[PDB]
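Asks: Handing you a structure now.
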Amino acid sequence: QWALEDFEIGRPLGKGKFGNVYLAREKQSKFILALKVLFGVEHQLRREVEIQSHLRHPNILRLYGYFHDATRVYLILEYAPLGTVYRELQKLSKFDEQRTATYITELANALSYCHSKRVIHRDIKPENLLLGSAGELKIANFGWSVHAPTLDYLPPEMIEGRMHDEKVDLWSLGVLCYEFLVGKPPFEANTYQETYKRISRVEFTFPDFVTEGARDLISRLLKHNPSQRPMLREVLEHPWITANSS
Ligand SMILES: Clc1cnc2c(Nc3ccc(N4CCOCC4)cc3)nc(-c3cccnc3)cn12
């Protein structure tokens, strides 16, 4: 289908791994979008392209198509006007309960959908969250996404090799909810090995300003045993959530 001859490239939106992500417009349609430029994860990419392209959800970043050349490979992606949640977090330090509960909801819904098609992200972090025109949360980057059943956002069962299910994303959902309210991940350490131990033992504490309601939800999501964690349905139906979401 597409090719570079079809696009007028704009400013860089951000830097990534294999390459940058540029703003771009499709000459013929004048349609605005983002174009990911990438020069042995090639396999996890065929799954990224495969997985995401078929995924269609308001709170998930859309992949319109792809194309490559003798040098790099381009991913034609939906453009997110308000950038990453990561940046909004560095800019605001922390989020209020209203904002956090909303992201959690939008995120839960997108994950609920994801799990129906039997897909798990396993890489849910602020850097992989974007914001639409209305400031709605949109999940991107499925490079580490699998279809079957930094450490900061990985559950105990993953860092320890064990087989995992759709439960991983609820652990990540807890870690995320905590970072939105506090400004830093629950298990943040200065080294890989320390973080590992803290995630293994599930060692986390709350700043005083973290309300009892929020502590509950987070404490429910961060259980070492996947079986104990709530399911997305229960998450939406959390008192602290419904009292702050929208
Ligand atoms: Cl994929 C994809 C689709 N849309 C985006 C997007 N959008 C975006 C819009 C606006 C602003 N602002 C920055 C200053 O304030 C004014 C505008 C930043 C990013 N960013 C990234 C990204 C961000 C960071 C690192 N690596 C990639 C990836 N994206």
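All Cβ positions, even for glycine, are placed from backbone atoms using ideal geometry, and neighbour counts span all protein chains on display. The numbers here are math on the coordinates, done by the rules we state, and not lab data.
Asks: For a protection proxy built on the mean count of beta-carbon atoms within 10 angstrom, sort 174-180, 235-241, 122-128 highest first, please.
Replies: 174-180, 122-128, 235-241
Asks: Cross-link candidates for residue 125: which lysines have Cα within less than 24 Å, leaving aside residues fewer than 8 places away along the same chain?
Replies: Within reach: 15, 17, 36, 91, 94, 117, 138, 167, 184, 197, 223.
Asks: Can you order the peptides 131-142, 200-211 by their average number of other Cβ atoms within 10 Å per residue, highest first?
Replies: Highest to lowest by the protection proxy: 131-142, 200-211.
Asks: Another question about this same structure. Taking neighbour Cβ counts within 10 Å as the exposure measure, how do 172, 145 sort from fewest upward?
Replies: The fewest-first ordering by Cβ neighbours comes to 145, 172.
Asks: While we're on this one: Please compute the modelled spin-label separation between residue 209 and residue 67, points set 7 Å along Cα→Cβ, answer in nm with one decimal.
Replies: If labels sit at residue 67 and residue 209, their model points lie 4.9 nm apart.
Asks: At residue 148 and residue 20, where each label point lies 7 Å from the Cα along Cα→Cβ, what is the point-to-point distance in nanometres?
Replies: 3.9
Asks: How are the C-alpha pair distances of segment 24-138 spread across 10 Å bins, as whole percents from the shortest bin up?
Replies: 12, 41, 34, 13, 1
Asks: If you don't mind, there's one more thing I want to ask. If packing is taken as the mean number of other Cβ atoms within 10 Å per residue, what is the order of 72-79, 113-120, highest first?
Replies: 72-79, 113-120
Asks: For the residues 121, 54, what sequence is obtained by ranking on other C-beta atoms within 10 Å, fewest first?
Replies: If I rank by nearby Cβ atoms, fewest first, I get 54, 121.
Asks: Report, in whole Å, the centroid distance computed from the Cα atoms of segment 79-94 and segment 166-203.
Replies: 20
Asks: May I ask for the percentage of alpha-carbon pairs in the chain that lie more than 33 Å from each other?
Replies: Here the long-distance tail beyond 33 Å is 19 percent of all Cα pairs in the chain.
Asks: What is segment 103-157 by shape, rounded, prolate or oblate, if you read a ≥ b ≥ c off the alpha carbon gyration tensor as root eigenvalues and call it rounded for a/c under 1.5, prolate for a/b larger than b/c, and oblate otherwise?
Replies: oblate
Asks: Going by the alpha-carbon gyration tensor, a ≥ b ≥ c the square roots of its eigenvalues, is segment 2-83 rounded (a/c under 1.5) or, if a/c is not under 1.5, prolate (a/b greater than b/c) versus oblate?
Replies: Rounded.
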